[PDB]
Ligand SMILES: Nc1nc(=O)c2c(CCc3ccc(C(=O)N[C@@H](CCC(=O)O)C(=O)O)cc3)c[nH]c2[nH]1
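Taking the form deposited without the named molecule, here's one chain by itself in structure tokens.
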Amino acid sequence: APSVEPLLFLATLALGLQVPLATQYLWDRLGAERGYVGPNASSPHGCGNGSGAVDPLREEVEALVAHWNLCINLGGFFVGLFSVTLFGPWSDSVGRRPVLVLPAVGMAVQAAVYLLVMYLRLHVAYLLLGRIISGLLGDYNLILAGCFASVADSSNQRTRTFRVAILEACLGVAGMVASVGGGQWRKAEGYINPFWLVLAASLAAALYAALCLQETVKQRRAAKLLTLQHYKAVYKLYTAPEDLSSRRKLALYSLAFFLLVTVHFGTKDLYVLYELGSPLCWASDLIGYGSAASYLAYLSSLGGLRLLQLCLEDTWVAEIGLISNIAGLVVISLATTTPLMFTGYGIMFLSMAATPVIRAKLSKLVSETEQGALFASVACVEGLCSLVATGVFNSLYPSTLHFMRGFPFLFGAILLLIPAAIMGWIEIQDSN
């Protein structure tokens, strides 16, 4: 009834608590099945943590865990690919409440299946069952698409950038709460007890959407689910209509969004593996401060975005955001000490003002009745970006480990030169 922000807050809390606990269970079960009584992390680096020798069994269990995360994530991604683009275009024809209630129920169901597997110590393949069951009903991707479409359907043309930044800042606040309230909960009797908050958060989101949420689709029509006019409505969004030079901009902004969120997703994960690296060797509290400072960039940018719009357009704000991300990811790449590592975190205080800008510039190119289809496409792109970021950056970091640590961060900074060029070119050519 206030808005759809609490829905995304609870769903993001559920997802950000689910990821580390699920991979921790994968570590526990896969190690136990092979008689490996050892630490559940990857191999350490420097500061005497080891003797330099490699562990054939720990590396094998780590590879197994990475492969099983890949398997469950790809299964979820494919079923979400085929479900989000069916439930979004439908959502813009029947309303946003059903498509924000179904995925929350699916998330609660996968949380229940995960709890059943963790408590019964069942095979890790039944995690894939919960992932597919949630993915069919639309997953956290569909919560994202429905929330962004609801914000796009309840705001002006000028207010979309700020009202999307507000919701994305709520997304990141939920991420911070997950990171530093399941970070210090997963350590203390963790891995099962913190998982009850995933089910609790998903149930709370389902109840809030079903009861306390206010529908924003003004003239709700009568549409049939399972029609094939929902898969056609994302194709006749990118290729057929909007021929008046606003069809190239959809592809270019989708490309910029892909690269930008790929860089963000990869660089968050390498952050703790780097912080507790060889010349840093951060303790448990320093990396907690690091995670917090990484997840305060969200709100500091919901502030810098709103402040900078008083003098600039809504695109140069994103250009400034991409220079803050590049200065941070180049500084962090060259950080061999804690003042230089935390300066990089501080420099990225406007890093997250470019994703909401791209989302809004996409949402202002489509009709008011296609904000479901557009953000279904965007959610699918953000899932693919998560997968690609994981693969690329977890392949770069081990390889460029004895040559230059932080090269993954510098490569992410280099990749951010393409969204900046794309967005600057798009604005300059149109305004000329």
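One rule holds for the numbers: they count along the sequence shown, beginning at 1.
Unshown form deposited with the named molecule bound; subsequent notes refer to it.
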Does the 4.5 Å heavy atom contact test between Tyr298 and the named molecule in the deposited bound form come out positive?
yes
Within a 4.5 Å heavy atom cut-off, is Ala335 in contact with the named molecule in the deposited bound form?
no
Would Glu168 count as a contact of the named molecule in the deposited bound form, using a 4.5 angstroms cut-off between non-hydrogen atoms?
yes
Examine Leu15 and determine whether its closest non-hydrogen atom to the named molecule in the deposited bound form is within 4.5 angstroms.
yes
By the heavy atom within 4.5 Å rule, which residue out of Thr369, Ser43, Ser386, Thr400 makes contact with the named molecule in the deposited bound form?
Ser386
Proximity to the named molecule in the deposited bound form, single hit among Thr161, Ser150, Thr267, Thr355 (heavy atom within 4.5 Å)
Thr355
Three residues, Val19, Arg131 and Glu382; all within 4.5 Å of the named molecule in the deposited bound form via heavy atoms?
yes
Which of 203 to 211, 224 to 232, 139 to 147, 178 to 186 has heavy atoms within 4.5 Å of the named molecule in the deposited bound form?
139 to 147
Across 70 to 85, the residues having a non-hydrogen atom within 4.5 Å of the named molecule in the deposited bound form turn out to be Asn73
